[PDB]
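Asker: Chains A and B supply the protein sequences, listed in that same order. Count along the first sequence from 1, then add 770; that gives the number in PDB author numbering. Letter by letter, the second sequence follows residues 1027 to 1109, 1123 to 1154 of PDB author numbering. Just so it is clear, CB atoms sit at the ideal spot from N, CA and C, and this is done for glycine as well. Here it is, the structure, as structure tokens.
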Amino acid sequence: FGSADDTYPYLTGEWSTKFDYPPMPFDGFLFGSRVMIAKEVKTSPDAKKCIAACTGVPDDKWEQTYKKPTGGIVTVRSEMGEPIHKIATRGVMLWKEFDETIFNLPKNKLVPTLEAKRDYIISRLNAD
Amino acid sequence: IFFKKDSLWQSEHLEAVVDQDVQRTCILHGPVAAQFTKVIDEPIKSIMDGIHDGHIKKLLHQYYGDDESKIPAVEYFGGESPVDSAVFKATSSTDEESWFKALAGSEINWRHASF
Ligand SMILES: Cc1cc2nc3c(=O)[nH]c(=O)nc-3n(C[C@H](O)[C@H](O)[C@H](O)COP(=O)(O)O)c2cc1C
């Protein structure tokens, strides 16, 4: 959610109608992303600029975050392996690549794969 | 652990990132709410008010015939949990909840809140 407008049908209870269900009204709404640009969040200048310029995507196509960048946003896994929704910056996409290549591997294949990529790994750190 | 450790704080301090390159940085955001996020550096009071205010118009139109006179009113708003002259003598057995509702009054005012 981001505006009063898209949020309204969930207040009327009219949203649930698209699915042939009785009107199903809600009591309130929370806005997480929508506020990240506000004059008073500590989000850095260049970062607010980055956030805006992300084209969104309808609920129609959010599933694609799992694979490609989708509206400028990918999922990426934390150190613990739980999914995280991040802006698809260069660093984040490296993090995603390592997520798929290096961190992916069994703890047995770790140290060998690192050494065979040491030059590459060390380079991509320094760049992105 | 060296890679992913403590990696949320750069979004807010790019002066300490390699060369202030946001493109190196973890920023969190939703794919669907991203489309509604456009107006940079807009005061938070505005964003929130923008939503409430907009809900208020749509609501007025639909169920109030755009007449603000039709909106019922009350002294102060809130304090509701999701669930002319008299004398109350009190005993051991008097229900506390019932008792206060009496002294509270039905009209929402200073005496209602006082009890
Ligand atoms: C940058 C960022 C940091 C967040 N930190 C927390 C947190 O510390 N605890 C929590 O229960 N939810 C946290 N959330 C989840 C939001 O509070 C909320 O559930 C979600 O952002 C709403 O989705 P939306 O941004 O698409 O409106 C965070 C979301 C974002 C984008």
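(1) Let me know if B/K1140 comes out buried or exposed under the rule of 16 or more other beta-carbons within 10 Å of its beta-carbon.
(2) Determine which residues share a DSSP beta bridge with A/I843 and list them.
(3) Verify the contact flag: B/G1056, CB atom, against every heavy atom of ligand 1, threshold strictly below 7 Å.
(4) When we look at the beta-carbon of residue 900 of chain A and count the other beta-carbons within 10 Å, is it buried (16 or more) or exposed?
(5) Assign B/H1078 to one of two classes, buried (16 or more other C-beta atoms within 10 Å of its C-beta) or exposed (fewer than that).
(6) If you measure between the beta carbons of B/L1086 and B/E1094, is that distance less than 8 Å?
(7) Among the candidates B/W1138, B/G1105, B/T1063, B/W1035, whose CA atom is the shortest distance from the CA of B/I1147?
(8) Have a look at the DSSP bridge pairing and note the partners of B/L1054.
(9) Could you say if the segment 1038-1047 of chain B and the segment 776-790 of chain A meet the contact criterion of at least three C-beta pairs nearer than 8 Å?
(10) Using three-state DSSP, classify A/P876 as helix, strand or coil.
(11) Check whether the Cβ of B/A1059 lies closer than 7 Å to any heavy atom of ligand 1, and answer yes or no.
(12) Taking the alpha carbon of A/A897 as the reference point, which residue from A/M850, A/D797, A/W865 has its own alpha carbon closest?
(13) Which of the three DSSP states is assigned to B/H1078 in this structure?
(14) When DSSP labels each residue in this structure, what does A/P882 get in the three-state scheme?
(15) Please decide whether B/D1067 counts as near chain A, where near means a Cβ-Cβ distance under 8 Å.
(16) Would you call the segment 1063-1072 of chain B in contact with the segment 803-817 of chain A, where contact means no fewer than 3 C-beta pairs closer than 8 Å?
(17) Taking Cβ positions only, does B/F1139 come closer than 8 Å to chain A?
Answerer: In short:
(1) exposed
(2) Checking the DSSP bridge columns, you'll see A/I843 partnered with A/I857.
(3) yes
(4) Outside the shown range of chain A (771 to 898) lies residue 900 of chain A, about which nothing can therefore be said.
(5) Around the Cβ of B/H1078, a 10 Å sphere holds fewer than 16 other Cβ atoms; the residue is exposed.
(6) yes
(7) B/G1105
(8) A/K856
(9) no
(10) coil
(11) yes
(12) A/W865
(13) Correct three-state label for B/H1078: helix.
(14) helix
(15) yes
(16) yes
(17) no
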